[PDB]
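Colleague: Sequence first, structure after, both from an experimental entry:
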Amino acid sequence: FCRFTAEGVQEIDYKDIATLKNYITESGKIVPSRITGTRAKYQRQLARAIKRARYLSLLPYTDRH
Amino acid sequence: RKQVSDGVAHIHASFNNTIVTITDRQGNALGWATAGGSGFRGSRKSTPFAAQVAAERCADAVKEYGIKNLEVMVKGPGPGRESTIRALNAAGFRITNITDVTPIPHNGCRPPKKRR
Amino acid sequence: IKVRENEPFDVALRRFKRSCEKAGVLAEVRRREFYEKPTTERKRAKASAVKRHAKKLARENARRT
Amino acid sequence: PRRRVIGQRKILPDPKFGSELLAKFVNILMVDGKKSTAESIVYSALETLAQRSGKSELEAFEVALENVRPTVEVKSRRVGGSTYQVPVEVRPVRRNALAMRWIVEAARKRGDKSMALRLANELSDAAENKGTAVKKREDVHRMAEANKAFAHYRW
Amino acid sequence: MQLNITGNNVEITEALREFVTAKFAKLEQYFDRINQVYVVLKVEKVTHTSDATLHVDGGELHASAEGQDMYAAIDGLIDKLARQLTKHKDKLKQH
RNA sequence: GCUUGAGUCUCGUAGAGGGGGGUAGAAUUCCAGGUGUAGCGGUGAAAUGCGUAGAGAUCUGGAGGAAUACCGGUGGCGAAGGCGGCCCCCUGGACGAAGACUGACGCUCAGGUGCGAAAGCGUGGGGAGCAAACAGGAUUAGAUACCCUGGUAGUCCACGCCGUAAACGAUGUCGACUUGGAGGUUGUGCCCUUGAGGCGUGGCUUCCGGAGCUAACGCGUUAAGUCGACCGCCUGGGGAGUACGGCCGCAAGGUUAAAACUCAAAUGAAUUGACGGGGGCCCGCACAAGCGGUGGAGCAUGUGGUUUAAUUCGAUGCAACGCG
C-alpha cells in the first residue's frame, strides 16, 4: 500500500470527515499505519484530525453513543 | 406484569462468576439468575456450563412477562459470555442484537498490583 | 461489538468482530501500572521480532532434507 | 503403553450358547484359573434366571446388562496443581466389560449361601432395577452428571 | 515414626541412642510426617559416617554424612535430610 | 591578514522540548432515585468482608479526583533526569536549501554555579483509584511473607528542601581518519511531477557484519579501530564508602574520606560436566487400566536389639535382611 496524502499536496483537515471514516475502525478507534500503509508523517497528523473531529462531535469516541 | 414483548438480556461475565439479568427497552429489570445460585460453587462457578444453567434458570421466571425477542449485552472477559447466548436461542428467543459493552478506560484509574 | 445480522443465528459472525481487541485490552488493564516493565517487555518483543526476520531470511539456504 | 497399540487376540466362545459375550463373562469370575468350576456356577445361575423371570435364558441376561451398563465414566485428570474428576464417554467394548465386572463384585458380597444363587438373585434384581449392581451404575452417573462442568466436548 | 539404629564397628551406647532420637524428633513434625527410619552409623578409620533412610508417604529418601566425632556427623545428616524433606513437601503442595 | 573551525542572519521543516491557562470523552468510586431478589465478592480451595435495614446486577441524574485507550511505532524531542488526549498564550534548541556576514572569536576544565527519577521533608490545599504501615482471613511445623478482604501516610496541586538510583550504552567531552549491507525517521536538489518514478545529497537513529582491536564475550564510521586535546578516575579481597573531623541539610541523610586488624586470595570471561520445583523430544509394569498379594492372624526363616560363660564371623538405602 501507499499514502494518498503523499500522492497529492493536500492537507488532512478535521472538516473533511468523509475521508476520515475510512481511517477509523467500526468502533471509533484509529487504524494503525501498519495496516493502512500511510506515511508516518501523515499518520501523525491524521490522528490529530481524528482527535479534533472527536471533540467537535463529527466522529464518535466509542460506539456506545 | 405489563406483558412486555422486546427486552434486553445483560450478561455480566466476571472471571469468578457470571450474572445474567433480563430487562426491557426502558432499562428497569425483570429477573436475574447467577452461576453461584444454580448449585455451582467454588471452582465450578468459572465454567461456561454454569453460565448455561444460569441462563435457563433466567429463561424461566420470565415466562410471566412473555418475552420472545431480546437483545444480548455481554460485559467481562468471562469463561461464559457465549455459551450463555446459546442457551437463549435454544430456549425460544429471537436474538436481534448482540452487543459488547465491557468497560474500557481510556487510561484512567490505577489498577492493583500484579499478584505473585 | 454490534452484530444485528439477519437469517440463521450463530454468533459465529460475532466472534470475528469481538475477539479482535476486546480481551487483550481488558486483561492488561486487569492489574499493575507497571510504569517501566511495558518498556522491558516492549523492547524484548521487537528484539525477538527481528530474530524472526533475520533468521528466516537466512534459513532459506537449505533444509537438510 | 508409550508405544505399541497392542495386537488384540480373540476369545473362543461359549459351548452351550453361541456367544463370546458370556464367555467373556465366565472368564471374569473365574478365580485362580478354574474354568470348569467357573462355567458350572454360571450355567446354574442363568437357568435359575429363566424360572424367576419367565423369559428365555440368554436374552434375559443382556436385559439385566443394559440396565447396569454405564454411558459415561468419570476420571481423575491432572491439571494445574490439583486434580479433578472430569467425565468421559465410554467406548462400547469397555461399556459391557465394565458392566459385568460390577455384577461379579456385587455377587461376592451380598452374601447368600451358594454362589450360583448369589449370582441368580441380582441378575433378576438388575432387571427390576433395585439391586446393588444398578446402584453402582446410578451413583457413577450421579458423580458424572454432577461434574458436567468439566469438558471440552458436548456429547 | 519408628527408629532403627544400627552400628557397624560403632557399638551404640545409651547416651548416643537418645541423642539420635532427640535429633530425629526435630526433623519430625517440623518438616514432614514419616513412616519408618533406618539409621546406620559407621567408623572407617577416620570418618565417623552416619547414614539414614527415611520412608515417607511418597517414596524414600536417603542421606549420608561423614563428620568429626560421630556427634557432628548426625548433626550434618539431619541438615541434609531436612532440606530433602522441604523439597519433597512443596513437591506435594503445588498451591 | 585569510576562511576551512566557531558564530550571526535570511527562508523553511519536523517534534510526548519546557512553562501557564482552558477543555473533552472513556472508566473507577461515592451519593440519590426507579426496577428487581438472594446472593455477591474472592480463591488452587476457603474464609474474613458485603447483603433481606434490599446487596450484586440494571437504568437515569449528580458530585469529585486522577490518568489520557486506539493512534503508538529497536518512532520523535531534550544536556541528562525526563516528556504522551485536545486548544490557546509565552518560550528553548536542533536541522535543511541557497546565499550573505564577522574573521580563530576555538576545545577542554580543578574549584565554582545551575539542573537533576522515585521515595522522603516543611507549610498550605486536594484526596477517585492505588497503596507502605497497620488490621483481619488463609496457607504453613512456624508465616511476623508471598495469597485474600480492608486500609493510613504517600501518590495529586502550589511554593521551598533533599541532591540520591543498575542516575546504565555499567562506554567523559571534542576533533580527524579508516571496507560494506538492510532499514527507520526527517529536510532537500536534479531529471520524463510526465506514474506512489529514477538519480542524488544532508541530519538524527536501529540492526548485522569486514579489517583491526579485545583475556574472551564482543565492539565495529554513532568503535571498545587508528590518532590528537583536556578532564574525571583506578592501584589485592574483607574492614568500608564505614569511623572521626570539616562542610551542607528542618530531618532522613548527603558529601569528603581513613586506620588498626585480617586473608592468600577476591575477581572477569570462556570450557567440560553436574544440577534446575528451565524448555523441547523419547522410552521402561514408571504411572494409568486391571488381577493377585504384603502390612492385621498363627507359624517357618533372616536381621536389628536385648540377654548370655558364648549367643562365631561377614553382608547395611535402592544394590544387606529364606543373604555367604
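Modeller: Alright, I've got the coordinates. Numbering: from 1, shown residues only, chains lettered A, B, ... in the order given.

Colleague: how about the helices in the chain?
Modeller: Since no chain was named, I'll use chain A. A:4-7, A:33-36, A:40-55 (DSSP state H).

Colleague: Sorry, I should have been clearer: chain B.
Modeller: Going by DSSP H, chain B shows helices at B:48-59, B:83-89.

Colleague: The first one packs against which elements?
Modeller: So the one you mean is helix B:48-59. On a contact count with 3 or more C-beta pairs under 8 Å, 6 or more residues apart in numbering or on different chains; DSSP states H and E, helix B:48-59 meets strand B:6-13, strand B:18-24, strand B:29-34, helix B:83-89. For the C-beta atoms, the positions are set from N, CA and C on the backbone; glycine is no exception.

Colleague: any chance of these in a markdown table, with mean neighbour count and distance to RNA strand F too?
Modeller: Below are the helices and strands packed on helix B:48-59 laid out as a markdown table (neighbours: other C-beta atoms under 10 Å in any protein chain shown; distance: least, C-beta to the nearest atom of the strand, whole Å):
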| stretch | mean neighbour count | distance to RNA strand F |
| --- | --- | --- |
| strand B:6-13 | 21 | 4 |
| strand B:18-24 | 23 | 4 |
| strand B:29-34 | 18 | 3 |
| helix B:83-89 | 21 | 12 |
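
Colleague: Relative to residue C:42, which of the ones you listed is closest?
Modeller: Nearest to residue C:42 among the helices and strands packed on helix B:48-59 is strand B:6-13; the distance by C-beta to C-beta comes to 29.1 Å.

Colleague: hang on, the earlier thing: need the helices of chain B in a markdown table with distance to residue A:57, can you?
Modeller: Formatted as a markdown table, the helices of chain B follow (distance: least, C-beta to C-beta, whole Å):
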| stretch | distance to residue A:57 |
| --- | --- |
| helix B:48-59 | 38 |
| helix B:83-89 | 33 |
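
Colleague: Nearest to residue E:77, out of those?
Modeller: Taking those one by one with C-beta to C-beta, helix B:48-59 is closest: 52.2 Å.

Colleague: got the angle for the closest one vs strand B:18-24?
Modeller: 30 degrees (axes from the mean of the first three to the mean of the last three C-alpha atoms, to 10 degrees).

Colleague: Can you list the buried residues in helix B:48-59?
Modeller: Judged by neighbour count (16 or more other C-beta atoms under 10 Å in any protein chain shown), helix B:48-59 contains these buried residues: B:48-59.

Colleague: do stretch E:44-56 as well
Modeller: Applying 16+ other C-beta under 10 Å to stretch E:44-56 flags E:48-54, E:56 as buried.

Colleague: returning to what we had before: select, out of the helices of chain B, the one closest to residue A:36.
Modeller: Of all the helices of chain B, helix B:83-89 sits nearest to residue A:36, with 33.1 Å by C-beta to C-beta.

Colleague: Show me what that closest one packs onto, helices and strands only.
Modeller: Using 3+ C-beta pairs under 8 Å, 6+ apart: helix B:83-89 touches strand B:6-13, helix B:48-59, strand B:69-75, strand B:94-100.

Colleague: near chain A, which residues of chain B?
Modeller: B:101, B:106 (C-beta under 8 Å from any C-beta of the partner chain).
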